[PDB]
>>> print(open('work_28.txt').read())   # compact mmCIF, C-alpha atoms
# COMPACT_ATOMS: atom_id res chain seq x y z
CA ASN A 1 -5.90 12.50 -20.02
CA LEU A 2 -4.20 13.98 -16.97
CA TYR A 3 -1.11 13.14 -19.03
CA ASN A 4 -2.72 14.95 -21.95
CA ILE A 5 -3.41 18.04 -19.82
CA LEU A 6 0.11 18.19 -18.43
CA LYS A 7 1.60 17.55 -21.87
CA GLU A 8 -0.42 20.40 -23.39
CA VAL A 9 0.63 22.76 -20.59
CA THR A 10 4.29 21.82 -20.89
CA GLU A 11 4.31 22.04 -24.70
CA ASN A 12 2.91 25.53 -24.24
CA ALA A 13 5.93 25.95 -21.97
CA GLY A 14 7.93 24.03 -24.58
CA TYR A 15 9.50 20.92 -22.97
CA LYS A 16 7.91 17.85 -24.53
CA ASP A 17 9.96 14.71 -23.76
CA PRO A 18 12.90 15.57 -21.46
CA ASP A 19 10.80 17.22 -18.75
CA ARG A 20 7.63 15.11 -18.68
CA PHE A 21 7.30 11.37 -18.22
CA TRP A 22 3.53 10.99 -17.80
CA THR A 23 3.28 8.83 -20.92
CA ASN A 24 1.62 5.43 -20.13
CA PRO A 25 -0.67 5.30 -23.21
CA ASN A 26 -0.33 1.57 -22.93
CA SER A 27 3.27 1.30 -21.82
CA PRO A 28 4.94 -1.87 -20.52
CA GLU A 29 6.94 -0.06 -17.83
CA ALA A 30 4.00 1.82 -16.32
CA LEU A 31 1.80 -1.23 -16.92
CA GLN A 32 4.17 -3.19 -14.69
CA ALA A 33 4.16 -0.26 -12.26
CA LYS A 34 0.36 -0.61 -12.01
CA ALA A 35 -0.27 -4.33 -12.59
CA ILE A 36 2.72 -5.60 -10.56
CA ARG A 37 3.79 -2.84 -8.15
CA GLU A 38 0.57 -0.88 -7.61
CA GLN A 39 -1.59 -3.99 -8.01
CA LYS A 40 0.40 -5.76 -5.27
CA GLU A 41 0.49 -2.76 -2.90
CA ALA A 42 -3.17 -1.69 -2.65
CA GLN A 43 -5.11 -4.74 -1.41
CA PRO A 44 -2.46 -7.17 0.00
CA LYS A 45 -0.23 -4.66 1.78
CA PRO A 46 -2.72 -3.75 4.58
CA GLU A 47 -1.71 -6.59 6.88
CA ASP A 48 1.06 -4.87 8.89
CA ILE A 49 0.75 -2.93 12.19
CA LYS A 50 -1.95 -0.60 10.86
CA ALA A 51 -4.06 -3.59 9.83
CA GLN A 52 -2.38 -5.85 12.40
CA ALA A 53 -4.37 -3.95 15.02
CA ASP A 54 -7.52 -5.36 13.43
CA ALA A 55 -5.74 -8.68 12.85
CA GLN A 56 -5.28 -8.88 16.63
CA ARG A 57 -9.09 -8.83 16.95
CA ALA A 58 -8.89 -12.61 17.40
CA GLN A 59 -7.85 -11.92 20.99
CA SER A 60 -9.86 -8.66 20.98
CA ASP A 61 -13.59 -8.18 20.28
CA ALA A 62 -14.26 -9.96 23.58
CA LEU A 63 -14.98 -9.14 27.23
CA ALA A 64 -13.09 -9.72 30.46
CA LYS A 65 -16.06 -11.71 31.81
CA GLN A 66 -15.26 -14.51 29.35
CA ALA A 67 -11.61 -14.56 30.44
CA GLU A 68 -12.58 -14.66 34.13
CA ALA A 69 -15.09 -17.45 33.50
CA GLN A 70 -12.53 -19.47 31.55
CA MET A 71 -9.92 -19.06 34.29
CA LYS A 72 -12.41 -20.09 36.99
CA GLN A 73 -13.57 -23.11 34.96
CA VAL A 74 -9.94 -24.15 34.45
CA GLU A 75 -9.31 -23.85 38.19
CA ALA A 76 -12.42 -25.96 38.82
CA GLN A 77 -11.11 -28.56 36.37
CA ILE A 78 -7.79 -28.59 38.22
CA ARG A 79 -9.56 -29.11 41.56
CA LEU A 80 -11.70 -31.89 40.08
CA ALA A 81 -8.62 -33.62 38.66
CA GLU A 82 -6.89 -33.40 42.05
CA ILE A 83 -9.96 -34.83 43.80
CA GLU A 84 -10.18 -37.68 41.28
CA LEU A 85 -6.47 -38.47 41.70
CA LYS A 86 -6.84 -38.53 45.49
CA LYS A 87 -9.91 -40.78 45.22
CA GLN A 88 -8.09 -43.19 42.90
CA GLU A 89 -5.11 -43.26 45.26
CA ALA A 90 -7.40 -44.04 48.21
CA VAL A 91 -9.19 -46.78 46.26
CA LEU A 92 -5.79 -48.24 45.32
CA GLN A 93 -5.00 -49.19 48.93
CA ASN B 1 12.12 13.63 -15.07
CA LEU B 2 12.00 14.92 -11.51
CA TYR B 3 15.79 15.15 -11.73
CA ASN B 4 15.32 16.78 -15.14
CA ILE B 5 13.22 19.51 -13.51
CA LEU B 6 15.89 19.94 -10.82
CA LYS B 7 18.66 20.16 -13.43
CA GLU B 8 16.75 22.80 -15.38
CA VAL B 9 16.12 24.84 -12.23
CA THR B 10 19.80 24.69 -11.29
CA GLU B 11 20.96 25.58 -14.80
CA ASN B 12 18.62 28.57 -14.78
CA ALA B 13 20.25 29.47 -11.47
CA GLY B 14 23.69 28.90 -13.00
CA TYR B 15 25.24 25.97 -11.09
CA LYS B 16 24.76 22.94 -13.32
CA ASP B 17 27.19 20.13 -12.45
CA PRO B 18 29.75 20.98 -9.74
CA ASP B 19 28.02 23.13 -7.12
CA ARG B 20 24.66 21.32 -7.32
CA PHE B 21 24.99 17.73 -8.55
CA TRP B 22 21.29 16.77 -8.62
CA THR B 23 21.89 14.41 -11.54
CA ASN B 24 22.25 10.82 -10.18
CA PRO B 25 20.32 9.56 -13.23
CA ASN B 26 21.65 6.01 -13.56
CA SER B 27 24.94 5.05 -11.93
CA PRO B 28 26.11 1.94 -10.06
CA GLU B 29 26.33 4.16 -6.99
CA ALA B 30 22.86 5.45 -7.88
CA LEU B 31 21.67 1.91 -8.60
CA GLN B 32 22.77 0.75 -5.15
CA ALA B 33 21.64 3.84 -3.23
CA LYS B 34 18.20 3.92 -4.90
CA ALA B 35 17.15 0.57 -6.38
CA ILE B 36 18.74 -1.75 -3.79
CA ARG B 37 18.99 0.05 -0.44
CA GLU B 38 15.42 1.36 -0.53
CA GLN B 39 14.13 -2.18 -1.05
CA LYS B 40 16.62 -3.34 1.60
CA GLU B 41 14.97 -0.97 4.11
CA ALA B 42 11.31 -1.00 3.02
CA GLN B 43 10.54 -4.68 3.57
CA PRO B 44 12.66 -5.98 6.50
CA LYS B 45 13.00 -2.91 8.74
CA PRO B 46 9.20 -2.58 9.36
CA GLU B 47 9.00 -6.36 9.76
CA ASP B 48 10.93 -7.03 13.00
CA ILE B 49 9.62 -6.43 16.54
CA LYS B 50 6.41 -4.95 15.10
CA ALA B 51 5.17 -8.29 13.77
CA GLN B 52 6.26 -10.04 16.98
CA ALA B 53 4.45 -7.41 19.05
CA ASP B 54 1.31 -7.85 16.95
CA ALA B 55 1.45 -11.62 17.40
CA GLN B 56 1.97 -11.22 21.16
CA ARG B 57 -0.99 -8.84 21.44
CA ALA B 58 -3.08 -11.29 19.39
CA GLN B 59 -2.00 -14.25 21.55
CA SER B 60 -3.70 -13.64 24.91
CA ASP B 61 -3.69 -9.86 25.49
CA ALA B 62 -6.87 -9.20 27.51
CA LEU B 63 -7.94 -12.73 26.45
CA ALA B 64 -7.07 -15.06 29.33
CA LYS B 65 -9.05 -18.06 28.04
CA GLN B 66 -6.34 -20.24 26.49
CA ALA B 67 -3.48 -19.10 28.74
CA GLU B 68 -5.50 -19.51 31.94
CA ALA B 69 -6.84 -22.89 30.82
CA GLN B 70 -3.37 -24.23 30.01
CA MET B 71 -1.85 -22.82 33.21
CA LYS B 72 -4.57 -24.25 35.46
CA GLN B 73 -4.65 -27.67 33.77
CA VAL B 74 -0.85 -27.76 34.11
CA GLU B 75 -1.21 -27.82 37.89
CA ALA B 76 -3.83 -30.57 37.63
CA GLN B 77 -1.69 -32.79 35.41
CA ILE B 78 1.49 -32.21 37.44
CA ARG B 79 -0.30 -32.92 40.72
CA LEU B 80 -1.90 -36.09 39.35
CA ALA B 81 1.44 -37.38 38.07
CA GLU B 82 3.19 -36.54 41.35
CA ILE B 83 0.45 -38.20 43.42
CA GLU B 84 0.58 -41.36 41.30
CA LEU B 85 4.39 -41.46 41.54
CA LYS B 86 4.27 -40.95 45.32
CA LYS B 87 1.68 -43.72 45.70
CA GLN B 88 3.83 -46.07 43.62
CA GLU B 89 6.91 -45.17 45.68
CA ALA B 90 5.04 -45.81 48.93
CA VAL B 91 3.89 -49.15 47.52
CA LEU B 92 7.48 -50.07 46.62
CA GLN B 93 8.86 -49.10 50.04
CA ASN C 1 -23.89 14.75 -17.55
CA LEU C 2 -21.27 16.30 -15.32
CA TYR C 3 -19.28 15.02 -18.28
CA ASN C 4 -21.65 17.05 -20.45
CA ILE C 5 -20.84 20.16 -18.39
CA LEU C 6 -17.11 19.63 -18.77
CA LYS C 7 -17.46 18.85 -22.48
CA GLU C 8 -19.27 22.18 -22.87
CA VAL C 9 -16.53 23.94 -20.92
CA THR C 10 -13.78 22.54 -23.14
CA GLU C 11 -15.86 23.27 -26.25
CA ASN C 12 -15.88 26.90 -25.15
CA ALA C 13 -12.16 26.44 -24.48
CA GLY C 14 -11.61 25.58 -28.15
CA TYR C 15 -10.59 21.91 -27.87
CA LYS C 16 -13.02 19.88 -29.97
CA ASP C 17 -11.72 16.47 -28.92
CA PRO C 18 -12.55 14.98 -25.48
CA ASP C 19 -8.87 14.74 -24.50
CA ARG C 20 -9.93 14.88 -20.83
CA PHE C 21 -11.44 11.58 -19.77
CA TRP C 22 -14.89 12.53 -18.45
CA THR C 23 -15.60 9.10 -19.82
CA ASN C 24 -19.23 8.28 -20.31
CA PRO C 25 -20.34 6.46 -17.13
CA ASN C 26 -22.37 4.23 -19.45
CA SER C 27 -19.16 2.80 -20.93
CA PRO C 28 -17.52 -0.56 -20.18
CA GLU C 29 -14.37 1.12 -18.87
CA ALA C 30 -16.48 3.35 -16.62
CA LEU C 31 -18.53 0.34 -15.52
CA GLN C 32 -15.33 -1.47 -14.52
CA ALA C 33 -14.13 1.68 -12.75
CA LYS C 34 -17.33 2.07 -10.73
CA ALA C 35 -18.59 -1.45 -9.99
CA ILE C 36 -15.16 -2.88 -9.16
CA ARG C 37 -13.03 -0.31 -7.37
CA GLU C 38 -15.51 2.35 -6.23
CA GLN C 39 -17.61 -0.43 -4.64
CA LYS C 40 -14.94 -2.77 -3.26
CA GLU C 41 -13.58 0.34 -1.55
CA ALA C 42 -16.97 1.06 0.07
CA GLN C 43 -18.47 -2.02 1.73
CA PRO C 44 -15.51 -4.41 2.42
CA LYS C 45 -12.88 -1.85 3.40
CA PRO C 46 -14.56 -0.95 6.75
CA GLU C 47 -13.11 -4.03 8.46
CA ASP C 48 -10.16 -2.26 10.13
CA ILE C 49 -9.53 -1.69 13.84
CA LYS C 50 -12.32 0.90 13.94
CA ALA C 51 -14.78 -1.57 12.43
>>> encode(input="work_28.txt", output="structure tokens")
Amino acid sequence: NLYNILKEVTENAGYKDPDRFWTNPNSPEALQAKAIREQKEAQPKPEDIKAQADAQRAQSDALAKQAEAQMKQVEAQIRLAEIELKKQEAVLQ
Amino acid sequence: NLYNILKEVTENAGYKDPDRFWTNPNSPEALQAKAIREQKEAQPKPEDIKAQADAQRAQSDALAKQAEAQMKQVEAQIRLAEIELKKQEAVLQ
Amino acid sequence: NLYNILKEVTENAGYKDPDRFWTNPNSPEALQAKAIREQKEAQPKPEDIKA
């Protein structure tokens, strides 16, 4: 009915077909434009940079305390592995 | 019909074809410069570097858990292997 | 009944037919318009970087 409004205005101007597309009553071309182009651009498109900022929330949504604790625990694991290797080497002799 | 509006405006002005082309309705040049090139720039151009940057920022940016764990356990594994190899070499000679 | 207001306005305009949607929120098309899009744009959309 926006089409209807524009068509009425333009017929009052006097250019019916060759100055006014705005048809889509149930039209295959505009139906494809909405059910294939517009349908595939509204919901699935927001995954790029604009939504990739929120997609990067896997690394984000955290705190530096967790990273520091993980690094310290990994260092402790490294020290424990070194101690165990040295102990096994000593027991070998 | 956008081009139709432009053609009508130009013809009211008085320069229909040669001074103001504005037509480009459906030509192989128009087909390439509108229906091919625009798709050739819409998808791939905002798909390089930006996606890689998003993946990099979602990898470990401000999230040192996995990177720190792997880096610290790397030293542990390398040191254990080197110590075992050195012990075996000392045993051999 | 905002649709009623606009129907009255176009009746005063002279157009008898409702050739401007204002389509009866108690209609299946209006129900699909409201419950599907106007809602799935309200609660699930705020999951962006701000959310």
>>> interface_residues(input="work_28.txt", of="chain A", to="chain C", cutoff="12 Å", atoms="only C-alpha atoms", output="list in words")
residues 1, 2, 3, 4, 5, 6, 7, 8, 42, 43, 46, 47, 48, 49, 50, 51, 52, 53, 54, 55, 56, 57, 58, 60 and 61 of chain A
>>> atom_distance(input="work_28.txt", atom1="atom CA of residue B:80", atom2="atom CA of residue A:93")
16.5 Å
>>> calpha_fit_rmsd(input="work_28.txt", fixed="chain A", moving="chain B")
2.5 Å
>>> interface_residues(input="work_28.txt", of="chain A", to="chain B", cutoff="7 Å", atoms="all atoms listed in the file", output="number ranges by chain")
A: 18-21, 49, 52, 56-59, 64, 67, 70-71, 74-75, 78, 81-82, 85, 89
>>> atom_distance(input="work_28.txt", atom1="atom CA of residue C:11", atom2="atom CA of residue A:22")
24.5 Å
>>> atom_distance(input="work_28.txt", atom1="atom CA of residue C:46", atom2="atom CA of residue C:29")
25.7 Å
>>> build_atoms(input="work_28.txt", residues="stretch 20-37 of chain B", atoms="N, CA, C and O atoms", output="PDB file, in the frame of the given file")
ATOM      1  N   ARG B  20      25.921  21.989  -7.617  1.00  0.00           N
ATOM      2  CA  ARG B  20      24.660  21.320  -7.320  1.00  0.00           C
ATOM      3  C   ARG B  20      24.567  20.114  -8.255  1.00  0.00           C
ATOM      4  O   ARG B  20      24.202  20.257  -9.425  1.00  0.00           O
ATOM      5  N   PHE B  21      24.913  18.935  -7.738  1.00  0.00           N
ATOM      6  CA  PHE B  21      24.990  17.730  -8.550  1.00  0.00           C
ATOM      7  C   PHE B  21      23.626  17.380  -9.133  1.00  0.00           C
ATOM      8  O   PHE B  21      23.418  17.488 -10.345  1.00  0.00           O
ATOM      9  N   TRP B  22      22.693  16.964  -8.273  1.00  0.00           N
ATOM     10  CA  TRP B  22      21.290  16.770  -8.620  1.00  0.00           C
ATOM     11  C   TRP B  22      21.047  15.776  -9.748  1.00  0.00           C
ATOM     12  O   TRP B  22      19.892  15.526 -10.107  1.00  0.00           O
ATOM     13  N   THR B  23      22.101  15.200 -10.325  1.00  0.00           N
ATOM     14  CA  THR B  23      21.890  14.410 -11.540  1.00  0.00           C
ATOM     15  C   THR B  23      21.473  12.986 -11.195  1.00  0.00           C
ATOM     16  O   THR B  23      20.326  12.595 -11.431  1.00  0.00           O
ATOM     17  N   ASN B  24      22.399  12.208 -10.618  1.00  0.00           N
ATOM     18  CA  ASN B  24      22.250  10.820 -10.180  1.00  0.00           C
ATOM     19  C   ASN B  24      21.273  10.047 -11.058  1.00  0.00           C
ATOM     20  O   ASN B  24      20.400   9.342 -10.535  1.00  0.00           O
ATOM     21  N   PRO B  25      21.381  10.136 -12.388  1.00  0.00           N
ATOM     22  CA  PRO B  25      20.320   9.560 -13.230  1.00  0.00           C
ATOM     23  C   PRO B  25      20.330   8.045 -13.207  1.00  0.00           C
ATOM     24  O   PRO B  25      19.333   7.412 -12.848  1.00  0.00           O
ATOM     25  N   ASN B  26      21.479   7.461 -13.554  1.00  0.00           N
ATOM     26  CA  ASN B  26      21.650   6.010 -13.560  1.00  0.00           C
ATOM     27  C   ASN B  26      23.143   5.737 -13.416  1.00  0.00           C
ATOM     28  O   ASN B  26      23.885   5.815 -14.399  1.00  0.00           O
ATOM     29  N   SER B  27      23.568   5.424 -12.200  1.00  0.00           N
ATOM     30  CA  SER B  27      24.940   5.050 -11.930  1.00  0.00           C
ATOM     31  C   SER B  27      24.959   3.851 -11.003  1.00  0.00           C
ATOM     32  O   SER B  27      23.991   3.619 -10.272  1.00  0.00           O
ATOM     33  N   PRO B  28      26.031   3.053 -11.025  1.00  0.00           N
ATOM     34  CA  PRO B  28      26.110   1.940 -10.060  1.00  0.00           C
ATOM     35  C   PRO B  28      25.980   2.409  -8.625  1.00  0.00           C
ATOM     36  O   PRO B  28      25.312   1.749  -7.818  1.00  0.00           O
ATOM     37  N   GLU B  29      26.581   3.551  -8.289  1.00  0.00           N
ATOM     38  CA  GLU B  29      26.330   4.160  -6.990  1.00  0.00           C
ATOM     39  C   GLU B  29      24.859   4.535  -6.849  1.00  0.00           C
ATOM     40  O   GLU B  29      24.235   4.272  -5.815  1.00  0.00           O
ATOM     41  N   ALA B  30      24.286   5.141  -7.892  1.00  0.00           N
ATOM     42  CA  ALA B  30      22.860   5.450  -7.880  1.00  0.00           C
ATOM     43  C   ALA B  30      22.018   4.188  -7.842  1.00  0.00           C
ATOM     44  O   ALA B  30      21.009   4.129  -7.130  1.00  0.00           O
ATOM     45  N   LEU B  31      22.418   3.163  -8.597  1.00  0.00           N
ATOM     46  CA  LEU B  31      21.670   1.910  -8.600  1.00  0.00           C
ATOM     47  C   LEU B  31      21.618   1.299  -7.210  1.00  0.00           C
ATOM     48  O   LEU B  31      20.566   0.824  -6.769  1.00  0.00           O
ATOM     49  N   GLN B  32      22.747   1.310  -6.498  1.00  0.00           N
ATOM     50  CA  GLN B  32      22.770   0.750  -5.150  1.00  0.00           C
ATOM     51  C   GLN B  32      21.995   1.628  -4.174  1.00  0.00           C
ATOM     52  O   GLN B  32      21.175   1.128  -3.394  1.00  0.00           O
ATOM     53  N   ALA B  33      22.230   2.941  -4.206  1.00  0.00           N
ATOM     54  CA  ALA B  33      21.640   3.840  -3.230  1.00  0.00           C
ATOM     55  C   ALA B  33      20.163   4.123  -3.472  1.00  0.00           C
ATOM     56  O   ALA B  33      19.522   4.729  -2.609  1.00  0.00           O
ATOM     57  N   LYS B  34      19.615   3.728  -4.621  1.00  0.00           N
ATOM     58  CA  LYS B  34      18.200   3.920  -4.900  1.00  0.00           C
ATOM     59  C   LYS B  34      17.454   2.608  -5.077  1.00  0.00           C
ATOM     60  O   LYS B  34      16.452   2.373  -4.394  1.00  0.00           O
ATOM     61  N   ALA B  35      17.912   1.740  -5.976  1.00  0.00           N
ATOM     62  CA  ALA B  35      17.150   0.570  -6.380  1.00  0.00           C
ATOM     63  C   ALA B  35      17.463  -0.676  -5.571  1.00  0.00           C
ATOM     64  O   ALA B  35      16.843  -1.719  -5.802  1.00  0.00           O
ATOM     65  N   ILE B  36      18.398  -0.600  -4.626  1.00  0.00           N
ATOM     66  CA  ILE B  36      18.740  -1.750  -3.790  1.00  0.00           C
ATOM     67  C   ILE B  36      18.477  -1.400  -2.328  1.00  0.00           C
ATOM     68  O   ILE B  36      17.735  -2.106  -1.636  1.00  0.00           O
ATOM     69  N   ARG B  37      19.081  -0.306  -1.857  1.00  0.00           N
ATOM     70  CA  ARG B  37      18.990   0.050  -0.440  1.00  0.00           C
ATOM     71  C   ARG B  37      17.555   0.341  -0.026  1.00  0.00           C
ATOM     72  O   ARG B  37      17.131  -0.047   1.067  1.00  0.00           O
TER      73      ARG B  37
END
